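Colleague:
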Amino acid sequence: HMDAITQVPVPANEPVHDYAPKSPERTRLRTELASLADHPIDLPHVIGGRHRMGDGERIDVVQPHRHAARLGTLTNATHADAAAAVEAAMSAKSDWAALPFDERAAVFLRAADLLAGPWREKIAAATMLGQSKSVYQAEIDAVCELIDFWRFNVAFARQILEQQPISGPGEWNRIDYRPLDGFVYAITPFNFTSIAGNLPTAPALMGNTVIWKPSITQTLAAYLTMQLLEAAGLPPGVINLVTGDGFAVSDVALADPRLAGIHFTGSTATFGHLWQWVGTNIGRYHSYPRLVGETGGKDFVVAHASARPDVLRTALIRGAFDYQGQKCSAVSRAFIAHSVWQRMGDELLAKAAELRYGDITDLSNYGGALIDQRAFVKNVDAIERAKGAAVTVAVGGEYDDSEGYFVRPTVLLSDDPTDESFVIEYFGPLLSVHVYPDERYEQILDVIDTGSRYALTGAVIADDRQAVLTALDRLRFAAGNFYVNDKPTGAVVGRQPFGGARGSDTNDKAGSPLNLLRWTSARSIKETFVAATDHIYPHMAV
Amino acid sequence: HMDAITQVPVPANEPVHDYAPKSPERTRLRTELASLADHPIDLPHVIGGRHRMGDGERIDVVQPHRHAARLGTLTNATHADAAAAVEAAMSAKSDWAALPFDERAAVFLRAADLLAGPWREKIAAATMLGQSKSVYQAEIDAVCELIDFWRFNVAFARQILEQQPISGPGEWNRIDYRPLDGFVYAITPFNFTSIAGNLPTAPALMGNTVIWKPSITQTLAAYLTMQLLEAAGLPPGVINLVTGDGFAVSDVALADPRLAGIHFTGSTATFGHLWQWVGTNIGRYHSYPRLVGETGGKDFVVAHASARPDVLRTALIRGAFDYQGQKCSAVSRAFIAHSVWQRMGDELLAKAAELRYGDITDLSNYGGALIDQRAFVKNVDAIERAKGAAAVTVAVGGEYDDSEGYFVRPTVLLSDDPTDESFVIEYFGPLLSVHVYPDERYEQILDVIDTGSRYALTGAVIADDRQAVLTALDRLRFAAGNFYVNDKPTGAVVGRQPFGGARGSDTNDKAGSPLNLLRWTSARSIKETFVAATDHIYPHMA
Amino acid sequence: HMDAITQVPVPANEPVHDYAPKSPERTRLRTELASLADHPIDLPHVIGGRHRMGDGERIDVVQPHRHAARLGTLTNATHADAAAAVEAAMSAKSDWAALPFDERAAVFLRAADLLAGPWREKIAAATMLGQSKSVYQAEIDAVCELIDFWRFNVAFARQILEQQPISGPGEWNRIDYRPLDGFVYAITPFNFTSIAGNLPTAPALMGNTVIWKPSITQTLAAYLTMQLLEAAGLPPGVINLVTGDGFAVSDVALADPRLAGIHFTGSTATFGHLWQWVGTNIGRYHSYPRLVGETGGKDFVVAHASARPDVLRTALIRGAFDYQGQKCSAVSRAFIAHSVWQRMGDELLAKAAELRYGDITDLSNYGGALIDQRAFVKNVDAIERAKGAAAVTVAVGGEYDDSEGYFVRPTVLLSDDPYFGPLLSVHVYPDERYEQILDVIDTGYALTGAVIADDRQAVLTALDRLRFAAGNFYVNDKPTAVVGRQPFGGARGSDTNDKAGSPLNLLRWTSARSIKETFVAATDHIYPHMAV
Ligand code: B12
Ligand code: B12
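Residue numbers (PDB author numbering), protein chains in the order written: chain B, 0 to 389, 391 to 542; chain A, 0 to 541; chain E, 0 to 417, 426 to 451, 454 to 489, 491 to 542.
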């Protein structure tokens, strides 16, 4: 037993290492990079703690920047693999939920520290190699964001458990934050190792068990993440990894009456599909399935006449070309005041032309390649469509998939304000610029407001305080998270929570205590010390 | 302007008046009861501030305990009325949302004080008359719970606004809790004037506008609630009352692309139907519609051998027979240890037979009648079902008479085997089933309760023995939402028993906590960077 | 537009850079020192965002440690310039006060960060060159203290807004912290770039507009401060810089009915002048003008027999000779126990003689020159007065030479019996007369005082006996103040707890109102006591 009201360790954001030349983290990275690239492995399912290949189709995981070089080979999950995954989760449930919160929280605090230290460059390298991230992109994702999710989630949960009601006289009221009944189905995207690791672990923390199907092109980092958690003491069957395209996993998971929730990322259409499925089939499930996730998007930047040219240029290059434009959202559209374009337009184009995409084991590259052949084709189609469209290819537009899925940084010049519908059909290094007359700032904000339904983030570049405030007012609803004098980009944990595209309902996604509450079912407990012994009410008296 | 970080008044639960003989509030109540009953009124739509009867069929609102006596007449809303209400809500949106939080809050704080003072016995009487509540039931509902919702939600909202993120060095992060785009559709049940009043006002507080369709039999109190809110300063069009059965209202609201959310009560099947509809048609809406509500249920009480018999008796009588069993849930099943039944069985049956249901203007009555003809018929069916059933005996009560009011007597069913839950949910009325179990089979009975209950909102254990209490807390942890120790299991007091819900439900975002107000917001982060990067190159590239 | 209750960032004191050899801030500093010295500029007024030279007489701004070298040239404000600055302030007021606190706050937060990074060495260099500060004196003033002023004032302001009343039942009470009606007049001294920058920006933060009149010798750093603020996003006309001696500026500003307050730091001589001038015109002002400021003073150090000699010796050197004794207060009198003087007197004199005053672009120098010819003269007069006095011996230093800079050597005087400059008077007293020496100090004005003693009774005796003899008291350190750490003070009898360094200052730039809403007020006027 134990008699205490304990605290969890206070979290702070994990520092970002630079990997400068001659740094010790740089040397350790090269060691891990070589270790992973020279020794490809089976990428097995992990079900009830046991690691095995299944009988499904073998699919190679390759380096996107060098797709002749294989990192590993997984087996596409069969229905039977999926069924085993679900039985393993259900079977582990009782012992996992019976652990005190602190013991469950220690698993992820230990995992965070393992990732911060001895596992650091290995998870980063795995992410670099499988997902074609530069070391910086891997460091902010696979290391810092995942570590932050774990430590801040533990703190979030402890804060939740402490939210308690008022006790009136003669009584005692308490709230018990129960885990869910049944298993959680986590489906994770290629874009981030952090999301990949967090969607399955966040409900686990609250006492739930999980089947996890990661994206194929992220599976090397996913599998190592699974190993890391095991090394941290995660009991077998608490999270169950099944690899592949997810088709057979979804057949099984959505047919199981014990399905408690789905933690995922996807489009509005995907949400709608799952909504329609769960609603149509609600009578099949023991619990009402909880559908929790986020969408992707494409972002905008608007520069006022008072914009600092160099800050804008840099915000644009990073916002559009960090990770080859393959974050959950990237900057696709820039709205630049004429006088500002006169001052930094040529520089933007020149820097874009010089920007290096290549093998990310060459640390001098800015970035790598697109994630797979499918993503490559969509970028080529968008580029060709731009060439023929009455818009100019000011720089870039070159592509070559002979060795890696490489697409050059591309700037399009649109005479008229760029139509949003066109930029959402691909994810890649494609920036559209519209130059507008300085004096039409308010008109352009209205065009941005009127024509943006798919932005996660937006930014205004301006030193003028009125212009900043006007943008904050006028574009209040045109994007979720909004930025002043910086690139609009991914959130740091605990610093830019919430957001979402216009009209969305995703404030319960990862990044705040609201996400963890979805994986709980609160009940109130009331005890009355001296309750009534006569049912008569005062008003009934003669 | 204004330069301040303001606090809202600190909320405390509103005191409950007793209306004992010779009390001033009892005299005021009698004045109000006569005024409403002797002067039936039109019950019009309130659209954009204009009170109008429409062209739909006229429907009488009556006293359920004396259905020959009209209280008013409403008109069934047409599609045109519903369209006008939506347009009024969208017209009022801009000025309302632009009001500072404090001024929007003031409206509902003022309404709280109006209901606590000058409007108190009028709203109570309206609820008494229309919903057939005793004054005690009116008081805890129409007065105290509605007041507590307003004052506590204002405090909840202010607490939400204060939830802010970390600022790293060189930056400033802030969170903006935006209203939704579009209107909220509020659909409210007959059972509580408080719920009827809270579901449309809670979103309004956060800067939204609303169409409100109340239940026909609650429409006298709902219309007066609407008048109260106007007297407190609610601007026109912010809440728009449309009367009737809701069919045409739902046609229009669910077809309008500006539908932002629905705030309602209903069954799992209703939730499923709305999920199915919104998912199938997601492409029609500007925003992802938010479906926020709660369900009803039927509750249980288990008495251990160490239960205090007078306490158990009182909790069963009040739990099953308060408001004729017509709360959101009520006690339908009691599981009582043999030796405790020997001590209080005869007294339970005798008290139940003596319990007076009648005209609630006669304050000496315990309670009134069922809410309408349809509910009466369902009770009759349940009683005849029991009479013909081999398993069960009518031990007391079972009489019914709809000739003057919709009256059904307090009824106790004795069941040889544990009562099958599926029977007790087909009605809402004063029907208590009792199962007597051998003292020594306490844990077995707990397993039976657990295995056979899917629809309990609340549950209670009566027991002085601490092991027995703790065993119930553990073993029935998931068999009900809110759980009670040595008291009747019933409706929560605001801020004292939040959350709950039936097994597997997902309704922790319902009214009663800050989580509900967050659903009527769309939070965004704002990040200003003071000295952003001016070169895009990264340290690892050197 | 926002629905939120926001927090401002948490302020921490800015780290002081050491500028040691081979350090990168040293290289960056040398670049800025050359760039400012080799390319003197016009120093214009800044009125409604417009940078304009005026028609008043041209006045050069030079390096005090090399007064032949011009740093820039300003024009002395004319009545017309002053009137233009006032109109620009009043015209800018409406859009500035209408900005939300957070947006006004961002300007100074952004300025703070700009000063910490890209502007750091330039502003420090301008302060070194114009005011003759060593790089250390520049860094703790022009950089760290100004940065701290901005970040902590933002935190202080936000904590003021949060100070709210209690609501009884049936009501809602709130407090609105309004800005002032009218413009605030900031007049700032040569001593500190940080003070020069804080006096106009602090009222600005609370939503006021300002005319700012800096000291001629500080005007290079002040103008760059103005540019930095503009680069941070300060809207035009919110602060208006008028250069010169300020005679014309005061003529206009103190006659204008819209004068809301004066924010000043410098001599009590020139504050008497300006205190008085309001005293007469009082019926003319729309608002009761708020006079807020601080004056100078000179400090004592008393060393008990238990004083550590190395500590005392170091406290005296730095306290007396940091910035050539020209801080808002300097150590000018020391009272040293005989046994202690035997142990460190010779070393004090020796060190004082070796202390290098010179061109502060020579980073090996301890300090530079006095601020101007007027200051040079008053020290010479003081030195020559000491020579000619009986009870006074010039034990070391006393030399001076204004031929190239305004240089006065570190000087220690010895008096048998008990102006800004590097002059220290030492009185040696017998150990066993500690309490009598305390009485003497008490009876003999002083801003800060310090006791050097390891003995706790001795320490506590001084804290008790000199409680009212100084406004800031120090134990085992030089009395030479840091934002948020040693606030308040003032000379004996002064009323200046509302000066810079605490929330009380920002409150002087606000007029608070209460707002009360009653939800269900009385509908009858008769009282219960009136019934029959
Ligand atoms: C809805 C859906 C789609 C949608 C997806 C988005 C939407 N809602 O508008 C659209 C409508 C895009 C779609 C397209 C197709 N899909 Co489909 N899709 C489904 C379904 C029913 C649900 C998937 C889902 O939402 N999962 C939940 C989310 C959270 O998980 P997810 O891993 O992120 O799911 C993504 C992928 O599954 C992907 N996807 C969907 N279908 C297909 C098909 C292929 C070949 C690939 C590579 C990817 C892919 O889209 C989802 C959203 O990103 C499944 C059934 C199933 N068993 O999976 C099929 C299913 C996967 N798709 C199938 C087929 C046949 C098709 C189509 C060829 C025909 C068609 N038009 O429906 C095309 C191929 C498109 C392509 N990408 O190459 C088959 C796959 C058969 C197989 N290869 O083994 C499935 C299994 C249904 C079936 N049994 O017939 N369909
Ligand atoms: C889903 C639904 C039902 C369900 C409800 C529960 C469920 N999901 O399993 C069941 C399946 C119970 C149902 C039954 C019937 N309903 Co129906 N119902 C609907 C529907 C499509 C949506 C209602 C809803 O969920 N509203 C949202 C909730 C949150 O709001 P609510 O006010 O609380 O809704 C409640 C009432 O509408 C009530 N209800 C539903 N139908 C009917 C019909 C009548 C006559 C009454 C009095 C009440 C009622 O059930 C809801 C939940 O309690 C509507 C269409 C519409 N425009 O409203 C019809 C609709 C109201 N019902 C209709 C009809 C014809 C019927 C039935 C007579 C025949 C049938 N089986 O379809 C029966 C009558 C039942 C009765 N109580 O008398 C017609 C009404 C025509 C008219 N008189 O003007 C509608 C307009 C359209 C339709 N048939 O599709 N239906």
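Quick reminder that beta carbons are idealized off the backbone N, C-alpha and C, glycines included.
Below 7 Å between beta carbons: does that hold for B/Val460 and B/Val468?
Modeller: Stepping through the first sequence from its first residue, residue 460 of chain B is reached at position 460. Stepping through the first sequence from its first residue, residue 468 of chain B is reached at position 468. For B/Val460 and B/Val468, yes; Cβs fall inside 7 Å.
Colleague: At which residues does the alpha helix (DSSP H) containing E/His16 begin and terminate?
Modeller: Counted from its first residue, the third sequence places residue 16 of chain E at position 17. Segment: none, E/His16 is in no alpha helix (DSSP H) and carries neither H nor E.
Colleague: Tell me the rounded alpha-carbon separation between E/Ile382 and E/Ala394.
Modeller: Here residue 382 of chain E corresponds to residue number 383 of the third sequence, with the count starting at 1. Here residue 394 of chain E corresponds to residue number 395 of the third sequence, with the count starting at 1. About 12 Å.
Colleague: Hey, would you say B/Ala532 sits closer than 7 Å to A/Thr313, going by beta carbons?
Modeller: In the first sequence, counting from the first residue as 1, residue 532 of chain B sits at position 532. In the second sequence, counting from the first residue as 1, residue 313 of chain A sits at position 314. In this structure, A/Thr313 lies closer than 7 Å to B/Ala532 by Cβ.
Colleague: Is A/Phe427 near ligand 2, judged by its Cβ being under 6 Å from some heavy atom?
Modeller: Taking the first residue of the second sequence as position 1, residue 427 of chain A is located at position 428. Flag unset: Cβ of A/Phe427 not near ligand 2.
Colleague: Give a single yes or no on whether A/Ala268 has its beta carbon closer than 6 Å to a heavy atom of ligand 2.
Modeller: For this step, residue 268 of chain A is matched to residue 269 along the second sequence. Yes.
Colleague: Quick one: any contact between the region 32 to 48 of chain B and the region 341 to 350 of chain B, if contact means 3 or more CB pairs under 8 Å?
Modeller: Contact between the region 32 to 48 of chain B and the region 341 to 350 of chain B is absent, because fewer than three Cβ pairs lie under 8 Å.
Colleague: Residues of chain A with CB under 7 Å from E/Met1, in chain order?
Modeller: Start at 1 with the first residue of the third sequence, and residue 1 of chain E comes out as number 2. Chain A residues near E/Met1: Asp175.
Colleague: So, for E/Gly265: in the same chain, excluding its five sequence neighbours on each side, which residues have a beta-carbon less than 6 Å away from its beta-carbon?
Modeller: Numbered from 1 along the third sequence, position 266 holds the residue referred to as residue 265 of chain E. Within the same chain, E/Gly265 has close Cβ partners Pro188.
Colleague: The beta strand (DSSP E) with A/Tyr365 in it runs from where to where?
Modeller: Position 366 of the second sequence, counted from the first residue, corresponds to residue 365 of chain A. No beta strand (DSSP E) contains A/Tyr365, which DSSP labels as neither H nor E.
Colleague: Give me the DSSP bridge partner(s) of E/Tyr436.
Modeller: If you number the third sequence from 1, residue 436 of chain E lands on position 429. Bridge partners of E/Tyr436: E/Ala336.
Colleague: Run the proximity test for B/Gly245: is its beta-carbon closer than 6 Å to any non-hydrogen atom belonging to ligand 1?
Modeller: Numbered from 1 along the first sequence, position 246 holds the residue referred to as residue 245 of chain B. Within the cutoff, so yes.
Colleague: Any C-beta of chain B sitting closer than 7 Å to the C-beta of E/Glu383?
Modeller: Residue 383 of chain E sits at position 384 when you count from the first residue of the third sequence. False, the Cβ-Cβ gap to chain B never drops below 7 Å.
Colleague: Which two residues bound the contiguous beta strand (DSSP E) that contains B/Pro178?
Modeller: In the first sequence, counting from the first residue as 1, residue 178 of chain B sits at position 179. Run containing B/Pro178: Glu170 to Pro178, per the beta strand (DSSP E) assignment.
Colleague: If you check the beta carbons only, do A/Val153 and A/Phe191 fall under 7 Å apart?
Modeller: The residue given as residue 153 of chain A occupies position 154 in the second sequence. The residue given as residue 191 of chain A occupies position 192 in the second sequence. Not a contact, by the Cβ cut-off of 7 Å.
Colleague: Could you name the residues of chain B that A/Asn481 contacts, counting a contact when the two beta carbons are closer than 9 Å?
Modeller: Taking the first residue of the second sequence as position 1, residue 481 of chain A is located at position 482. The answer, in chain order, is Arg523, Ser524, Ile525 and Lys526.
Colleague: Alpha carbon to alpha carbon, how far is B/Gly167 from A/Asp59?
Modeller: Taking the first sequence and counting its residues from 1, the one referred to as residue 167 of chain B is at position 168. Taking the second sequence and counting its residues from 1, the one referred to as residue 59 of chain A is at position 60. If I take the Cα positions, the gap works out to 41 Å.
Colleague: Determine the direct distance from the alpha carbon of B/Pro117 to that of B/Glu403, and round the result to whole angstroms.
Modeller: Your numbering for residue 403 of chain B matches position 403 in the first sequence. Your numbering for residue 117 of chain B matches position 118 in the first sequence. The straight-line gap from Cα to Cα measures roughly 33 Å.
Colleague: Should E/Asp101 be labelled buried (16 or more other beta-carbon atoms within 10 Å of its own) or exposed?
Modeller: Here residue 101 of chain E corresponds to residue number 102 of the third sequence, with the count starting at 1. It counts as buried.
Colleague: Is there a Cβ from chain E that is less than 7 Å from the Cβ of B/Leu469?
Modeller: Translated into positions along the first sequence, residue 469 of chain B becomes position 469. It does: the Cβ of B/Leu469 has a partner Cβ on chain E nearer than 7 Å.
Colleague: Go to B/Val251, then tell me how far its alpha helix (DSSP H) extends in each direction, as first and last residue.
Modeller: Within the first sequence, the letter at position 252 stands for residue 251 of chain B. Per DSSP, B/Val251 belongs to the alpha helix (DSSP H) from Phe246 to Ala254.
Colleague: CB-CB under 6 Å to A/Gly494, same chain, minus the five flanking residues each way: which ones, in chain order?
Modeller: Start at 1 with the first residue of the second sequence, and residue 494 of chain A comes out as number 495. Excluding residues within five positions, the ones whose Cβ falls inside 6 Å are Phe151.
Colleague: Would you please state the rounded distance, in angstroms, between the beta carbons of A/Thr410 and A/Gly396? I believe it to be under 8 Å.
Modeller: Mapped onto the second sequence, residue 410 of chain A falls at position 411. Mapped onto the second sequence, residue 396 of chain A falls at position 397. With a Cβ gap of about 3 Å, A/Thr410 and A/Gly396 count as contacting.
Colleague: Per the contact definition of three or more C-beta pairs closer than 8 Å, is the region 167 to 181 of chain E in contact with the region 40 to 54 of chain E?
Modeller: No, because fewer than three Cβ pairs between the region 40 to 54 of chain E and the region 167 to 181 of chain E fall closer than 8 Å, the two stretches do not touch.
Colleague: May I ask whether a heavy atom of ligand 4 can be found less than 6 Å away from the beta carbon of A/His78?
Modeller: What this structure holds is ligand 1 and ligand 2, not ligand 4.
Colleague: Looking at chain A, is there any beta carbon in it that lies within less than 7 Å of the beta carbon of B/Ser286?
Modeller: Looking up residue 286 of chain B in the first sequence gives position 287. With 7 Å as the cut-off, B/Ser286 counts as an interface residue toward chain A.
Colleague: Per DSSP, what kind of secondary structure is A/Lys526 in: helix, strand or coil?
Modeller: The residue labelled residue 526 of chain A in the question sits at position 527 within the second sequence. Strand at A/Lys526.
Colleague: Can you give me the C-alpha to C-alpha distance between E/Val241 and B/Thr294, rounded to a whole angstrom?
Modeller: Counting from 1 along the third sequence, the entry for residue 241 of chain E is found at position 242. Counting from 1 along the first sequence, the entry for residue 294 of chain B is found at position 295. If I take the Cα positions, the gap works out to 55 Å.
Colleague: If you drop the 5 nearest sequence neighbours on each side, which residues of the same chain put their C-beta closer than 8 Å to that of E/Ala231?
Modeller: Taking the first residue of the third sequence as position 1, residue 231 of chain E is located at position 232. For E/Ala231, where only same-chain residues beyond five positions count, the Cβ hits under 8 Å are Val106, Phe107, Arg109, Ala110 and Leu113.
Colleague: For B/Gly265, verify whether its CB is less than 6 Å away from any heavy atom of ligand 1.
Modeller: Residue numbering aside, residue 265 of chain B sits at position 266 when the first sequence is read from its first letter. Under cutoff, so the answer is yes.
Colleague: Based on the DSSP secondary-structure assignment, which residues constitute the bridge partners of B/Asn481?
Modeller: Residue mapping note: residue 481 of chain B aligns to position 481 of the first sequence, counting from 1. DSSP lists B/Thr457 as partners of B/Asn481.
Colleague: Taking the C-alpha atoms as reference points, what is the distance between B/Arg474 and B/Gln443?
Modeller: As a first step, residue 474 of chain B must be located in the first sequence, where it is residue number 474. As a first step, residue 443 of chain B must be located in the first sequence, where it is residue number 443. One C-alpha to the other measures close to 10 Å.
Colleague: Is the shortest distance between the beta-carbon of E/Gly232 and the beta-carbons of chain B less than 7 Å?
Modeller: As a first step, residue 232 of chain E must be located in the third sequence, where it is residue number 233. Judged by the 7 Å Cβ criterion, E/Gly232 is in contact with chain B.
Colleague: Would you say the beta carbon of B/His272 is closer than 6 Å to some non-hydrogen atom of ligand 1?
Modeller: Within the first sequence, residue 272 of chain B is the residue found at index 273, counting from 1. B/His272: yes, Cβ under 6 Å from ligand 1.
Colleague: Can you find the residues in the same chain that come closer than 6 Å, C-beta to C-beta, to B/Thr218, ignoring five residues on each side of it along the sequence?
Modeller: Taking the first sequence and counting its residues from 1, one reaches residue 218 of chain B at position 219. Cβ within range, chain order: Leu42, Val60, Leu73 and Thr242.
Colleague: Leaving out the 5 sequence neighbours to the left and right, which residues in its chain are closer than 6 Å to E/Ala185 when beta-carbon positions are compared?
Modeller: Locating residue 185 of chain E in the third sequence gives position 186, counting from the first residue. Hits under 6 Å: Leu198, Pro199, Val209, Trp211 and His262.
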